[PDB]
């Protein structure tokens, strides 16, 4: 019972958790419907040094998941994006523990700031990440397009440095 770095040995578990973990909003349904198993196997490998999926485990079962994508681009390594937060049953006690692990890892890679883009009408998520310490950075009209239907996103930022 704890959190480790997922890897290409977890591809199986990771589709199952995707099949119902975030199967909430139509975004979550479309992702499933049209995303490649290649990019996944890519991300899940350790040659993708900066593209990391973390998982929370209850016994054999993957229970939560989240990707850390650090920007390996000139002058941008101090930053990273959190993406594809899939949770089973919507157990928040567990996800909160997961996000925290991911923060500790970030610090330990010297990642200075974390960002997440959240769909303007996923209020549960805004409340969750906000409660973790993320704050408003930007607001993006038509950040995401599905079929020919658009979605706005709120960009949040968390800093992993004792700033203040």
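Numbering follows the first chain given and starts at 1.
The stretch with the higher mean CA B factor, choosing between 35-43 and 110-118, is 35-43. For the pair 17-25 and 140-148, the mean B factor over Cα atoms is greater in 17-25. When the C-alpha B-factors of 48, 100, 131, 124 are read from the PDB record, the largest value belongs to 48. In the deposited entry, the Cα temperature factor of residue 61 places it in the middle third of its chain's modelled residues.
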